[PDB]
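> To be precise about what I am sending: the file is called final_26.txt and holds compact mmCIF, C-alpha atoms.
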```txt
# COMPACT_ATOMS: atom_id res chain seq x y z
CA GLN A 3 -31.33 -19.39 18.75
CA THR A 4 -32.87 -22.15 16.55
CA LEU A 5 -31.76 -19.98 13.54
CA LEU A 6 -28.23 -19.75 15.04
CA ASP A 7 -28.22 -23.58 15.33
CA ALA A 8 -29.88 -24.23 11.90
CA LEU A 9 -27.28 -22.15 10.02
CA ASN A 10 -24.24 -23.37 12.02
CA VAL A 11 -23.39 -19.89 13.41
CA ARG A 12 -19.83 -19.97 14.86
CA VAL A 13 -18.10 -17.14 16.80
CA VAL A 14 -14.30 -17.52 17.24
CA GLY A 15 -11.22 -15.32 17.85
CA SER A 16 -9.58 -13.28 20.64
CA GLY A 17 -10.41 -9.78 19.33
CA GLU A 18 -13.61 -7.76 19.81
CA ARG A 19 -14.00 -5.92 16.46
CA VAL A 20 -16.50 -8.09 14.57
CA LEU A 21 -15.56 -9.63 11.22
CA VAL A 22 -18.36 -11.55 9.41
CA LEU A 23 -17.18 -14.08 6.78
CA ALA A 24 -20.10 -15.03 4.50
CA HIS A 25 -19.50 -17.79 1.92
CA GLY A 26 -21.06 -17.91 -1.54
CA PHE A 27 -22.54 -20.31 -4.06
CA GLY A 28 -21.56 -24.00 -3.81
CA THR A 29 -19.56 -23.87 -0.53
CA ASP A 30 -20.23 -23.61 3.22
CA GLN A 31 -18.36 -21.67 5.95
CA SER A 32 -15.47 -24.24 5.72
CA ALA A 33 -14.35 -22.31 2.59
CA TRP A 34 -12.91 -19.75 5.10
CA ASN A 35 -10.93 -22.43 7.07
CA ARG A 36 -7.49 -21.39 5.63
CA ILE A 37 -8.24 -17.57 6.00
CA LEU A 38 -9.45 -17.85 9.57
CA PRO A 39 -6.09 -18.34 11.37
CA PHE A 40 -4.94 -14.87 10.09
CA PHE A 41 -7.81 -13.10 11.99
CA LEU A 42 -8.21 -14.96 15.34
CA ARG A 43 -5.53 -12.84 17.16
CA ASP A 44 -7.28 -9.47 16.71
CA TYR A 45 -10.91 -10.05 15.50
CA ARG A 46 -14.14 -11.62 16.78
CA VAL A 47 -14.95 -13.71 13.67
CA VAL A 48 -18.60 -14.62 12.94
CA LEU A 49 -19.24 -17.42 10.38
CA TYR A 50 -22.52 -18.95 9.24
CA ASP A 51 -23.88 -21.21 6.47
CA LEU A 52 -26.38 -19.94 3.88
CA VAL A 53 -29.59 -22.01 4.07
CA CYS A 54 -28.65 -23.66 0.70
CA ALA A 55 -25.26 -24.97 1.98
CA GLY A 56 -24.81 -28.77 1.91
CA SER A 57 -23.94 -28.56 5.67
CA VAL A 58 -27.47 -27.25 6.49
CA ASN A 59 -30.47 -29.57 6.92
CA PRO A 60 -32.15 -29.45 3.45
CA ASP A 61 -35.55 -29.47 5.28
CA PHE A 62 -34.80 -25.74 6.02
CA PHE A 63 -34.67 -24.78 2.28
CA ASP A 64 -38.29 -23.55 1.81
CA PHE A 65 -38.82 -23.07 -2.00
CA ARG A 66 -41.98 -21.00 -1.14
CA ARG A 67 -39.82 -18.49 0.82
CA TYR A 68 -36.28 -18.31 -0.68
CA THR A 69 -37.42 -16.95 -4.11
CA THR A 70 -35.11 -13.84 -4.21
CA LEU A 71 -32.13 -12.55 -2.19
CA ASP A 72 -34.34 -10.71 0.35
CA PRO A 73 -35.14 -13.78 2.54
CA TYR A 74 -31.37 -14.55 2.70
CA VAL A 75 -30.86 -10.95 3.99
CA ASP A 76 -33.55 -11.65 6.66
CA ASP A 77 -31.39 -14.64 7.87
CA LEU A 78 -28.18 -12.54 7.99
CA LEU A 79 -29.84 -9.67 9.96
CA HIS A 80 -31.59 -12.15 12.31
CA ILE A 81 -28.19 -13.71 13.10
CA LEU A 82 -26.40 -10.33 13.74
CA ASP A 83 -29.34 -9.12 15.93
CA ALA A 84 -29.41 -12.49 17.84
CA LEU A 85 -25.63 -12.19 18.57
CA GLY A 86 -26.09 -8.55 19.77
CA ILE A 87 -23.82 -7.23 16.98
CA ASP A 88 -24.51 -3.51 16.48
CA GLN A 89 -21.51 -2.93 14.10
CA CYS A 90 -19.24 -5.21 12.00
CA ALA A 91 -16.98 -5.46 8.98
CA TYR A 92 -18.57 -7.93 6.52
CA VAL A 93 -16.84 -10.09 3.87
CA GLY A 94 -19.16 -11.67 1.30
CA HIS A 95 -18.15 -13.98 -1.56
CA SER A 96 -20.31 -14.28 -4.70
CA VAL A 97 -24.01 -14.15 -3.76
CA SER A 98 -23.07 -13.11 -0.14
CA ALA A 99 -21.58 -9.88 -1.59
CA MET A 100 -25.09 -8.99 -2.88
CA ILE A 101 -26.77 -10.15 0.37
CA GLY A 102 -24.44 -7.81 2.31
CA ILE A 103 -25.18 -4.88 -0.04
CA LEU A 104 -28.96 -5.39 0.55
CA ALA A 105 -28.39 -5.85 4.33
CA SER A 106 -26.43 -2.53 4.46
CA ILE A 107 -29.30 -0.68 2.65
CA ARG A 108 -31.74 -2.03 5.30
CA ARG A 109 -29.33 -1.44 8.26
CA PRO A 110 -26.76 1.25 7.27
CA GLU A 111 -25.43 1.53 10.89
CA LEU A 112 -24.67 -2.23 11.12
CA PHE A 113 -21.71 -2.34 8.64
CA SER A 114 -18.53 -0.20 9.01
CA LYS A 115 -17.16 -1.71 5.75
CA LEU A 116 -18.18 -4.28 3.08
CA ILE A 117 -15.53 -6.44 1.41
CA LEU A 118 -16.95 -7.99 -1.77
CA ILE A 119 -15.13 -10.97 -3.36
CA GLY A 120 -16.11 -12.24 -6.83
CA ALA A 121 -19.14 -9.89 -6.72
CA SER A 122 -21.48 -9.15 -9.67
CA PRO A 123 -24.81 -7.30 -9.60
CA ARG A 124 -25.88 -8.94 -12.90
CA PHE A 125 -24.63 -11.97 -14.91
CA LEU A 126 -26.74 -11.49 -18.09
CA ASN A 127 -25.54 -9.25 -20.96
CA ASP A 128 -27.68 -6.40 -22.32
CA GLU A 129 -26.98 -3.66 -24.98
CA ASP A 130 -25.17 -1.38 -22.39
CA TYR A 131 -23.94 -3.97 -19.82
CA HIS A 132 -21.58 -6.98 -20.07
CA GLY A 133 -22.31 -9.51 -17.27
CA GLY A 134 -20.47 -12.38 -19.06
CA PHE A 135 -23.51 -14.58 -19.97
CA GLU A 136 -26.11 -14.67 -22.78
CA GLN A 137 -29.78 -15.27 -21.76
CA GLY A 138 -30.12 -17.71 -24.74
CA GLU A 139 -27.29 -19.99 -23.54
CA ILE A 140 -28.32 -20.60 -19.86
CA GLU A 141 -31.39 -22.91 -20.25
CA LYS A 142 -29.34 -25.68 -22.04
CA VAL A 143 -26.98 -25.64 -18.97
CA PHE A 144 -29.84 -25.73 -16.36
CA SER A 145 -31.21 -28.76 -18.36
CA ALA A 146 -27.71 -30.39 -18.31
CA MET A 147 -27.48 -29.83 -14.49
CA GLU A 148 -30.98 -31.40 -13.97
CA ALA A 149 -30.15 -34.34 -16.31
CA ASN A 150 -26.64 -35.16 -14.91
CA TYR A 151 -25.67 -33.27 -11.67
CA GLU A 152 -22.28 -35.10 -11.40
CA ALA A 153 -21.25 -34.19 -15.02
CA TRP A 154 -22.30 -30.56 -14.31
CA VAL A 155 -20.24 -30.36 -11.04
CA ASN A 156 -17.23 -32.00 -12.83
CA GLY A 157 -17.32 -29.42 -15.70
CA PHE A 158 -18.18 -26.41 -13.46
CA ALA A 159 -15.72 -26.79 -10.53
CA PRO A 160 -12.45 -26.50 -12.60
CA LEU A 161 -13.82 -23.41 -14.46
CA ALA A 162 -14.92 -21.82 -11.10
CA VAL A 163 -11.52 -22.46 -9.40
CA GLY A 164 -9.86 -21.35 -12.69
CA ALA A 165 -6.15 -21.53 -11.66
CA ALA A 166 -4.44 -24.99 -11.85
CA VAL A 167 -5.09 -25.69 -8.11
CA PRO A 168 -6.39 -29.31 -8.26
CA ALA A 169 -6.95 -29.50 -4.44
CA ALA A 170 -9.33 -26.47 -4.62
CA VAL A 171 -11.20 -28.06 -7.61
CA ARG A 172 -11.68 -31.24 -5.50
CA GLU A 173 -12.75 -29.21 -2.41
CA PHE A 174 -15.30 -27.04 -4.30
CA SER A 175 -16.68 -30.23 -6.00
CA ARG A 176 -17.04 -31.80 -2.50
CA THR A 177 -19.29 -29.00 -1.16
CA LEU A 178 -21.29 -28.86 -4.45
CA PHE A 179 -21.88 -32.65 -4.11
CA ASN A 180 -23.22 -32.04 -0.52
CA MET A 181 -25.99 -29.76 -1.93
CA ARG A 182 -29.34 -31.32 -2.94
CA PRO A 183 -29.40 -31.01 -6.77
CA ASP A 184 -32.86 -29.37 -6.91
CA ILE A 185 -31.69 -26.73 -4.32
CA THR A 186 -28.51 -26.12 -6.40
CA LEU A 187 -30.60 -25.61 -9.60
CA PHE A 188 -33.15 -23.35 -7.83
CA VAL A 189 -30.40 -21.18 -6.25
CA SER A 190 -28.56 -21.02 -9.64
CA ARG A 191 -31.78 -19.69 -11.30
CA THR A 192 -32.21 -17.19 -8.39
CA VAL A 193 -28.68 -15.79 -8.91
CA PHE A 194 -29.02 -15.62 -12.79
CA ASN A 195 -32.40 -13.82 -12.33
CA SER A 196 -30.93 -11.31 -9.81
CA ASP A 197 -30.37 -7.71 -10.91
CA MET A 198 -28.84 -5.59 -8.13
CA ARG A 199 -27.83 -2.69 -10.49
CA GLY A 200 -30.93 -0.65 -9.42
CA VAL A 201 -29.92 -0.51 -5.71
CA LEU A 202 -26.11 -0.04 -5.82
CA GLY A 203 -26.50 3.75 -5.51
CA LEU A 204 -28.40 3.31 -2.18
CA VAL A 205 -25.28 1.84 -0.43
CA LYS A 206 -23.56 4.45 1.81
CA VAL A 207 -20.93 2.28 3.61
CA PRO A 208 -17.41 1.95 2.13
CA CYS A 209 -16.98 -1.08 -0.24
CA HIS A 210 -13.72 -2.88 -1.09
CA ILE A 211 -14.21 -4.72 -4.39
CA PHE A 212 -11.82 -7.72 -4.57
CA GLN A 213 -11.50 -8.81 -8.24
CA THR A 214 -9.43 -11.81 -9.36
CA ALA A 215 -7.89 -12.34 -12.83
CA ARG A 216 -9.83 -14.58 -15.28
CA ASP A 217 -12.90 -14.92 -13.02
CA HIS A 218 -15.22 -17.07 -15.23
CA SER A 219 -18.30 -15.49 -13.56
CA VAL A 220 -17.13 -11.81 -13.22
CA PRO A 221 -15.63 -9.87 -16.16
CA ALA A 222 -13.07 -7.18 -15.13
CA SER A 223 -15.58 -4.57 -16.39
CA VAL A 224 -18.05 -5.64 -13.64
CA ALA A 225 -15.60 -4.70 -10.84
CA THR A 226 -15.25 -1.25 -12.51
CA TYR A 227 -19.08 -1.08 -12.77
CA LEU A 228 -19.35 -1.67 -8.97
CA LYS A 229 -16.63 0.99 -8.33
CA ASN A 230 -18.63 3.54 -10.41
CA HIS A 231 -22.16 2.67 -9.09
CA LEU A 232 -21.90 1.69 -5.34
CA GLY A 233 -23.11 4.80 -3.48
CA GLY A 234 -20.31 5.00 -0.88
CA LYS A 235 -16.51 5.19 -0.90
CA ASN A 236 -15.21 2.38 -3.19
CA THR A 237 -11.72 0.80 -3.56
CA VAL A 238 -10.97 -1.91 -6.20
CA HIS A 239 -8.32 -4.49 -5.24
CA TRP A 240 -7.02 -6.24 -8.43
CA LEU A 241 -5.83 -9.47 -6.73
CA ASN A 242 -2.78 -11.31 -8.10
CA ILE A 243 -4.97 -14.49 -7.93
CA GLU A 244 -6.71 -16.28 -10.83
CA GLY A 245 -10.22 -17.74 -10.56
CA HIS A 246 -13.51 -17.10 -8.79
CA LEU A 247 -12.64 -18.78 -5.42
CA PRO A 248 -9.45 -17.15 -4.08
CA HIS A 249 -10.25 -18.14 -0.43
CA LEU A 250 -10.04 -21.81 -1.63
CA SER A 251 -7.13 -21.53 -4.13
CA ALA A 252 -4.86 -18.81 -2.59
CA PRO A 253 -5.81 -18.32 1.08
CA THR A 254 -2.50 -16.89 2.41
CA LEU A 255 -2.41 -14.22 -0.33
CA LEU A 256 -6.15 -13.46 0.03
CA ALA A 257 -5.80 -13.15 3.86
CA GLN A 258 -3.05 -10.48 3.46
CA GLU A 259 -5.25 -8.41 1.07
CA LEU A 260 -8.24 -8.73 3.45
CA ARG A 261 -6.07 -7.50 6.37
CA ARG A 262 -4.96 -4.50 4.25
CA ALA A 263 -8.54 -3.66 3.30
CA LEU A 264 -9.84 -4.00 6.92
CA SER A 265 -7.01 -1.59 8.13
CA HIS A 266 -8.01 1.12 5.53
```
Output the file's structure as structure tokens, nothing else.


Amino acid sequence: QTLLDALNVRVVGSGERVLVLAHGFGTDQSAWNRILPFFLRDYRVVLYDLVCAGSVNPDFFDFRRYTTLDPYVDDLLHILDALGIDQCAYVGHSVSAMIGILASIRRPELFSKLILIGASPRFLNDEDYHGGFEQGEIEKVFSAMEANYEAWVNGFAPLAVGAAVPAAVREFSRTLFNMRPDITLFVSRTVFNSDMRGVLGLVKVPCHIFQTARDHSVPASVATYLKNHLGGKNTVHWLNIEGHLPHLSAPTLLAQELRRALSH
């Protein structure tokens, strides 16, 4: 119950099939605000904030604990258990896509379906795998973020939103500015160090892979990689939406594709 309060757990909607909406890097659950109206009539919608969200008390971000994705999975499973949820459909953006994959491996019975948005198991390039980023290039950026957080947010947000949707750039910048800069840097390192490729085969639940055009953080080839390597039944949705944050930039269109996927 203190966990439910700490992470701003919210349950809304008139339906009884459970839909979990799990935000990713640099936002909080408010990123789903424009999606949500499309699901209240026929779902029970569960929202929460990751511990690193700007909307969470930064006292709760224990650097000794949150060193990999596993402790974030602990939080997600604690919440679903505390709400008495024995089965749900789960939508995860960005890092929450990977948290849901790990959660499903721990609790295969808990998820009927995963919907992954802007998901990558690995950002760094190697000889056989294109993640979109070179190891050599990332330290100069981490240094830049530490030196001048505001300059980093101002350069990052437009590239993340991608499409010419100035309101979404301003909104993503707002939630990045709510995050404590040392938490943002630590979480950024955690996600660049992640390598989920080893475990994709262990997933048995069906996965819908939502891939935007010109996602600065997810090459097209990564969505195909997930389709080939996730252990269950996979469907790729090539969204007619540009940028990494379609729930912020194109909510009406994203909501229709989510409804389609949840009906499948």

> Taking all atoms listed in the file into account, name the residue in A:16, A:226, A:254, A:31 that is nearest to residue 46 of chain A.

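Residue with the minimum atom-to-atom distance to residue 46 of chain A: A:16.
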
> What does the structure give for the distance between atom CA of residue 6 of chain A and atom CA of residue 170 of chain A, in Å to one decimal?

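Going from atom CA of residue 6 of chain A over to atom CA of residue 170 of chain A, I get 28.1 Å.
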
> Between A:90, A:107, A:247, A:161, which one has atoms that come closest to residue 201 of chain A, using only C-alpha atoms?

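The shortest atom-to-atom distance to residue 201 of chain A comes from A:107.
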
> Env of residue 15 of chain A: 12 Å cut, atoms = all atoms listed in the file, seq-sep filter 2 positions within chain, self excluded. Answer as a compact mmCIF listing (two decimals) with C-alpha atoms, keeping the file's coordinate frame.


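Written file, out_7.txt:
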```
# COMPACT_ATOMS: atom_id res chain seq x y z
CA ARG A 12 -19.83 -19.97 14.86
CA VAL A 13 -18.10 -17.14 16.80
CA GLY A 17 -10.41 -9.78 19.33
CA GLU A 18 -13.61 -7.76 19.81
CA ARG A 19 -14.00 -5.92 16.46
CA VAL A 20 -16.50 -8.09 14.57
CA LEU A 21 -15.56 -9.63 11.22
CA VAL A 22 -18.36 -11.55 9.41
CA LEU A 38 -9.45 -17.85 9.57
CA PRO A 39 -6.09 -18.34 11.37
CA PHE A 40 -4.94 -14.87 10.09
CA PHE A 41 -7.81 -13.10 11.99
CA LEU A 42 -8.21 -14.96 15.34
CA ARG A 43 -5.53 -12.84 17.16
CA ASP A 44 -7.28 -9.47 16.71
CA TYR A 45 -10.91 -10.05 15.50
CA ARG A 46 -14.14 -11.62 16.78
CA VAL A 47 -14.95 -13.71 13.67
CA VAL A 48 -18.60 -14.62 12.94
CA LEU A 49 -19.24 -17.42 10.38
```

> If we count all atoms listed in the file, what is near residue 242 of chain A at a cut-off of 10 Å, once residues fewer than 2 positions away on the same chain are taken out, given as a list in words?

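The filter keeps residues 213, 214, 215, 239, 240, 244, 248, 252, 255, 256 and 259 of chain A.
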
> Do you have the atom CA of residue 119 of chain A-atom CA of residue 74 of chain A distance handy?

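Separation between atom CA of residue 119 of chain A and atom CA of residue 74 of chain A: 17.7 Å.
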
> Kindly provide, as a list in words, the polymer residues lying within 10 Å of (-27.1, -2.3, 0.5), counting all atoms listed in the file and using the coordinates exactly as they appear in the file.

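Answer for this query, in the requested form: residues 99, 100, 101, 102, 103, 104, 105, 106, 107, 108, 109, 110, 113, 116, 198, 201, 202, 203, 204, 205, 206, 207, 232 and 233 of chain A.
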
> One number please: atom CA of residue 210 of chain A to atom CA of residue 117 of chain A, in Å, one decimal.

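Calculated distance between atom CA of residue 210 of chain A and atom CA of residue 117 of chain A is 4.7 Å.
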
> Considering only C-alpha atoms, state which residue in the set A:63, A:92, A:50, A:151 is at the smallest distance from residue 30 of chain A.

A:50
